[PDB]
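Below you'll find the structure, written out as structure tokens, and then a few comments.
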Amino acid sequence: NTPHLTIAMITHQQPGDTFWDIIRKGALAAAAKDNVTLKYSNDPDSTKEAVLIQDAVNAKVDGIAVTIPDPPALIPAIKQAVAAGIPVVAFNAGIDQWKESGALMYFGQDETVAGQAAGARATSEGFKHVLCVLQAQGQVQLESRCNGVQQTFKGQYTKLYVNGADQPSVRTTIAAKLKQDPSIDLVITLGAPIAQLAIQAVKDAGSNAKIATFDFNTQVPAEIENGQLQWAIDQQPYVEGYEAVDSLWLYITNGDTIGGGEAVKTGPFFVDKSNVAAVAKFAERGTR
Ligand SMILES: O[C@H]1[C@H](O)[C@@H](O)[C@H](O)[C@@H](O)[C@H]1O
Numbered sequence: 046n047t048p049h050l051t052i053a054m055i056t057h058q059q060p061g062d063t064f065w066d067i068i069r070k071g072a073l074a075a076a077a078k079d080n081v082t083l084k085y086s087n088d089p090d091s092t093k094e095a096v097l098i099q100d101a102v103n104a105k106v107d108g109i110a111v112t113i114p115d116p117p118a119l120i121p122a123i124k125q126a127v128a129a130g131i132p133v134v135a136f137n138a139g140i141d142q143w144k145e146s147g148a149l150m151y152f153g154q155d156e157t158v159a160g161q162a163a164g165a166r167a168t169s170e171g172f173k174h175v176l177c178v179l180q181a182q183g184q185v186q187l188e189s190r191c192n193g194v195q196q197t198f199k200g201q202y203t204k205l206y207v208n209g210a211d212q213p214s215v216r217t218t219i220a221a222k223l224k225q226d227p228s229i230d231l232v233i234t235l236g237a238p239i240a241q242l243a244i245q246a247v248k249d250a251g252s253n254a255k256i257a258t259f260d261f262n263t264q265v266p267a268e269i270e271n272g273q274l275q276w277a278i279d280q281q282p283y284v285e286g287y288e289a290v291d292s293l294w295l296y297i298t299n300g301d302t303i304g305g306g307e308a309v310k311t312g313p314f315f316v317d318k319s320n321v322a323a324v325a326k327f328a329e330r331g332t333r
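According to the UniProt record's numbering, numbering within the sequence shown proceeds without interruption in unit steps and concludes at 333.
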């Protein structure tokens, strides 16, 4: 009936980072409709993610969907895949670097803009000293968020790196930082799982800081409703994974692209007490 395609989706997912389950539900929903076999692979070591790109080039996949958190480490392998005639789409990380690579399209949110928006919003909500919590080092999409907050937040700014792989350590490290500096009045977490740890850290520390986050998980909607989280920034991972796949299907079958040489935006969008009801059920089933 229809042509059968094999698409490699290659990411930087740390094992156990549930954000990537929503990316994958989107990608499989596209793949189910487009007669695609989806090969999903990941490694949080960018040298190892490069090797995964090579594996898919050598396997002669029909397309590659790839994340670019560490451009120096990944661009050369992406260029190699393009020179081998395999179409590539970038998503989630690397919005500033995908076009140079020869990647055809990009799906995600402009993380500098989302950070700039979060800094201005935080200033408007009366906060004076923000702590931005980053769960990995050397990831452009995370650094952009924090740099953007620093640009627009009028008050004091502090960054804290935590090991996203060791949840109990994340919790104690955040609580310690809050106890040590009670002037911190807002913690912005860069993922929903880290948000959970921060909410608990604030209680542990006896701090008065509020918490805001990037992304949803199953717990975030309730947390916005009950005041545990000020707001969450939605980047629509389901859309990112879905479009990574479906866009390759449009290119391969009809030569089409989406975005005209610029990224296709999946966010940012701020969800707060005023609009959370529209998302909650979907977040609570893991598809937002
Ligand atoms: O907001 C998410 C979250 O921080 C994930 O942990 C990370 O792997 C993704 O790149 C990012 O888009």
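Built from N, CA and C at the ideal position, the CB exists for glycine as well.
Between ligand 1 and the CB of residue 235, the shortest heavy atom gap is smaller than 7 Å. For residue 198, the three-state secondary structure derived from DSSP is coil. With contact defined as three or more Cβ pairs closer than 8 Å, the region 140 to 156 and the region 92 to 103 are not in contact. With respect to the 8 Å criterion, residue 156 and residue 193 are classified as neighbours on the basis of their beta carbons. Shown here for residue 268: same chain residues with a beta carbon closer than 6 Å to its own, the five before and five after excluded, namely 274 in chain order. Distance from the C-beta of residue 259 to the nearest heavy atom of ligand 1 is below 7 Å. At least one heavy atom of ligand 1 sits closer than 7 Å to the Cβ of residue 137. Look at residue 86 here: in three-state DSSP terms it is strand. The criterion of a C-beta distance shorter than 8 Å is satisfied by residue 291 and residue 75.
Leaving aside the five residues that flank residue 131 on each side, the residues in its chain whose CB is nearer than 7 Å to its CB run, in chain order, 102, 106, 108, 109. Within the DSSP secondary-structure output, residue 179 pairs in a beta bridge with 206. Separation of the CB atoms of residue 231 and residue 250 is rounded to 14 Å, and the pair is thereby denied contact status at 8 Å. The alpha-carbon separation between residue 278 and residue 79 amounts to approximately 30 Å.
Residue ranges of uninterrupted beta strand (DSSP E) with 3 or more members, entirely inside the region 123 to 186 and ordered along the chain, are 133 to 136, 150 to 153, 174 to 179. Per DSSP, reduced to three states, the secondary structure at residue 50 is strand.
For residue 186, the closest alpha carbon among the candidates 68, 317, 236, 198 is that of 236.
Going by C-alpha positions, residue 271 is about 15 Å away from residue 247. The Cβ atoms of residue 62 and residue 238 sit closer than 8 Å to each other. Residue environment analysis places residue 57 among the buried positions, since at least 16 neighbouring C-beta atoms fall within 10 angstroms of its C-beta.
Not one heavy atom of ligand 1 falls within 7 Å of the beta-carbon of residue 196. A Cβ-Cβ contact shorter than 8 Å links residue 123 with residue 133. Under the three-state reduction of DSSP, residue 105 is assigned to coil, being neither helix nor strand.
The three-state secondary structure of residue 254, taken from DSSP, is coil. Cβ neighbours of residue 184 within its own chain (closer than 8 Å, five residues either side excluded): 57, 114, 115, 138.
A check of alpha carbon separations from residue 221 across 252, 317, 84 identifies 252 as the nearest. Taking the Cβ of residue 64 as the reference point, at least one heavy atom of ligand 1 falls within a distance shorter than 7 Å. Your pair residue 196 and residue 171 does not check out as a contact, with CB atoms roughly 19 Å apart and the cut at 8 Å. For residue 57, the CB falls within less than 7 Å of some heavy atom of ligand 1. Under the DSSP assignment, residue 230 falls outside any alpha helix (DSSP H); it carries neither an H nor an E label.
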